[PDB]
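A short write-up of the structure that comes next.
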Amino acid sequence: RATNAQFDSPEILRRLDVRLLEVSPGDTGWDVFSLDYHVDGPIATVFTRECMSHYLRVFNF
Amino acid sequence: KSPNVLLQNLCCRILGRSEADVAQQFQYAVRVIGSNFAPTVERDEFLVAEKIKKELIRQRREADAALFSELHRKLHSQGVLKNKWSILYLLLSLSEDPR
Amino acid sequence: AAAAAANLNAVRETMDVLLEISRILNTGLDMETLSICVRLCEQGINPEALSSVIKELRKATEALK
């Protein structure tokens, strides 16, 4: 809301939402955090789930 | 080795006491273990393995979930384990989340 | 005997397999004690009874802490 993202469509901010990493005995939030963009239409035919995995790996880096 | 005497080695491993030091813990051990000396059914280590997978799922370790199918195979590959169901039930009962 | 000792190496190999299984599950058990448990199920035993035994014994070391 405070940043420039507010003047972008509510749909595509709505499809991006938070996620975490399932726990481990040395948890830091800097170890444990992710964003998930998930499919909401026929776009699964365009965007595979393993493509979101490579997305999240380069996001981790 | 007798059924009775192997629990005192269990008592000497968990506690730092001998069988000639404590007999109160060992008494409840003999009470619980004896008369319950028979497995509940024949082996189903597969059913317990699919619940150890549910513990590996709880940690987003899905690469170790693919290691577990090859670690569960080595138990059968050597064949020194008679009750593969029991020791996996025993480990799974003591499961804590590393968390 | 030579083949009777390679089986003992095989016992240690599965014991290290169960070592990895014990750490990813966070059990307090070590290798000697699990070999005692292996001999216990050679004679036949409830794992539900062994877990009650160890679930009494470990939290009777937390009563003299």
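Chains: A, B, ... in order of the structure tokens. Residues: from 1 per chain. Ligands: from 1, in order shown.
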*Pick out the chain A residues within 9 Å of chain B. Count only C-alpha atoms. Give them as a VMD selection string.*
chain A and resid 21 to 27
*So which bits of chain C end up alpha helix (DSSP H) when you DSSP the backbone, as a VMD selection string?*
chain C and resid 3 to 25 31 to 43 47 to 57
*Could you work out how far atom CA of residue C:42 lies from atom CA of residue C:55, giving the answer in Å with one decimal?*
21.3 Å
Could you please select, counting only C-alpha atoms, the residues of chain B within 8 Å of chain C and state them as a CSV table (one decimal) with N, CA and C atoms, in the first residue's frame?
chain,number,residue,atom,x,y,z
B,3,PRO,N,15.1,-62.5,27.9
B,3,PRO,CA,14.2,-61.3,27.8
B,3,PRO,C,14.4,-60.4,29.0
B,6,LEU,N,18.0,-58.2,29.1
B,6,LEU,CA,18.3,-57.2,28.0
B,6,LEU,C,17.8,-55.8,28.4
B,9,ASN,N,20.4,-53.9,30.4
B,9,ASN,CA,21.3,-53.2,29.6
B,9,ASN,C,20.7,-51.9,29.0
B,10,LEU,N,19.3,-52.0,28.8
B,10,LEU,CA,18.6,-50.8,28.4
B,10,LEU,C,18.6,-49.8,29.6
B,11,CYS,N,18.6,-50.2,30.8
B,11,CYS,CA,18.7,-49.4,32.0
B,11,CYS,C,20.1,-48.8,32.2
B,13,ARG,N,22.1,-48.2,29.8
B,13,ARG,CA,22.4,-47.2,28.7
B,13,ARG,C,21.7,-45.9,28.9
B,14,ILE,N,20.4,-45.9,29.3
B,14,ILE,CA,19.7,-44.7,29.5
B,14,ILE,C,20.2,-44.0,30.8
B,15,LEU,N,20.1,-44.7,31.9
B,15,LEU,CA,20.6,-44.2,33.2
B,15,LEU,C,22.1,-44.6,33.2
B,25,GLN,N,13.2,-48.7,38.6
B,25,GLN,CA,13.0,-48.5,37.2
B,25,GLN,C,12.9,-49.9,36.5
B,28,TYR,N,9.5,-51.8,36.9
B,28,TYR,CA,8.4,-51.3,36.0
B,28,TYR,C,8.7,-51.7,34.6
B,29,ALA,N,10.0,-51.8,34.2
B,29,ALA,CA,10.4,-52.3,32.9
B,29,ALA,C,10.0,-53.7,32.7
B,32,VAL,N,6.2,-54.0,32.5
B,32,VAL,CA,5.6,-53.6,31.2
B,32,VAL,C,5.9,-54.5,30.1
B,33,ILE,N,7.2,-54.8,30.0
B,33,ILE,CA,7.8,-55.7,28.9
B,33,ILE,C,7.2,-57.1,28.9
B,36,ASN,N,3.7,-58.8,27.6
B,36,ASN,CA,3.4,-58.1,26.4
B,36,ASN,C,4.6,-58.3,25.4
B,37,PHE,N,5.1,-59.5,25.4
B,37,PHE,CA,6.3,-60.0,24.7
B,37,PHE,C,6.0,-60.4,23.3
B,38,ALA,N,4.8,-60.1,22.7
B,38,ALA,CA,4.5,-60.6,21.4
B,38,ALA,C,4.0,-59.4,20.5
B,39,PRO,N,4.6,-59.3,19.3
B,39,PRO,CA,4.2,-58.2,18.4
B,39,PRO,C,2.7,-58.2,18.0
B,40,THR,N,2.2,-57.0,17.8
B,40,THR,CA,0.7,-56.9,17.6
B,40,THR,C,0.2,-57.6,16.4
B,55,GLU,N,6.6,-37.3,8.6
B,55,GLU,CA,7.5,-36.5,9.4
B,55,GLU,C,8.5,-35.8,8.5
B,71,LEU,N,16.8,-45.8,1.9
B,71,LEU,CA,17.2,-46.2,3.2
B,71,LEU,C,16.4,-47.3,3.8
B,74,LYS,N,17.5,-50.8,2.4
B,74,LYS,CA,18.7,-51.5,2.9
B,74,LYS,C,18.4,-52.4,4.1
B,75,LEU,N,17.4,-52.1,4.8
B,75,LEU,CA,16.9,-52.9,5.9
B,75,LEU,C,16.5,-54.3,5.4
B,78,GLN,N,19.9,-56.3,3.7
B,78,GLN,CA,20.7,-57.1,4.6
B,78,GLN,C,20.0,-58.3,5.2
B,80,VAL,N,19.0,-58.8,8.3
B,80,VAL,CA,19.4,-59.1,9.7
B,80,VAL,C,18.2,-58.7,10.6
B,81,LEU,N,17.3,-57.9,10.2
B,81,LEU,CA,16.2,-57.4,11.0
B,81,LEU,C,15.0,-58.4,10.7
B,82,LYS,N,14.5,-58.9,11.8
B,82,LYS,CA,13.4,-59.8,11.8
B,82,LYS,C,12.1,-59.0,11.8
B,83,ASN,N,11.9,-58.1,12.8
B,83,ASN,CA,10.8,-57.2,12.9
B,83,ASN,C,11.3,-55.9,12.4
B,86,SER,N,8.7,-53.3,13.9
B,86,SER,CA,8.8,-52.9,15.3
B,86,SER,C,9.7,-51.8,15.5
B,87,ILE,N,10.9,-51.8,15.0
B,87,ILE,CA,11.9,-50.8,15.2
B,87,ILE,C,11.5,-49.5,14.5
B,89,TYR,N,8.2,-48.6,14.1
B,89,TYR,CA,7.2,-48.2,15.0
B,89,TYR,C,7.8,-47.5,16.3
B,90,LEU,N,8.9,-48.1,16.8
B,90,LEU,CA,9.6,-47.6,18.0
B,90,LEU,C,10.2,-46.2,17.7
B,91,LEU,N,10.9,-46.1,16.6
B,91,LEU,CA,11.5,-44.8,16.3
B,91,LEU,C,10.4,-43.7,16.0
B,92,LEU,N,9.3,-44.1,15.3
B,92,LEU,CA,8.2,-43.2,14.9
B,92,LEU,C,7.4,-42.8,16.2
B,93,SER,N,7.4,-43.7,17.2
B,93,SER,CA,6.7,-43.3,18.4
B,93,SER,C,7.5,-42.2,19.2
B,94,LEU,N,8.8,-42.3,19.1
B,94,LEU,CA,9.6,-41.3,19.8
B,94,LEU,C,9.9,-40.1,18.9
B,95,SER,N,9.1,-39.8,17.9
B,95,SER,CA,9.4,-38.8,17.0
B,95,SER,C,9.1,-37.4,17.6
B,96,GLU,N,10.0,-36.5,17.5
B,96,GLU,CA,9.8,-35.1,17.8
B,96,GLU,C,10.1,-34.3,16.6
B,97,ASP,N,9.4,-33.2,16.4
B,97,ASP,CA,9.8,-32.3,15.4
B,97,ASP,C,11.1,-31.6,15.8
B,98,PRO,N,12.2,-31.7,14.9
B,98,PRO,CA,13.4,-30.8,15.1
B,98,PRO,C,13.0,-29.4,15.2
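Nearest residue to residue B:31, choosing from B:4, B:54, B:18, B:47 and counting only C-alpha atoms: B:4.
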*Determine the nearest neighbour of residue B:65 from the options B:77, B:49, B:19, B:8, counting only C-alpha atoms.*
B:49
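Taking atom CA of residue C:6 as the reference point, atom CA of residue B:68 is found at 24.3 Å.
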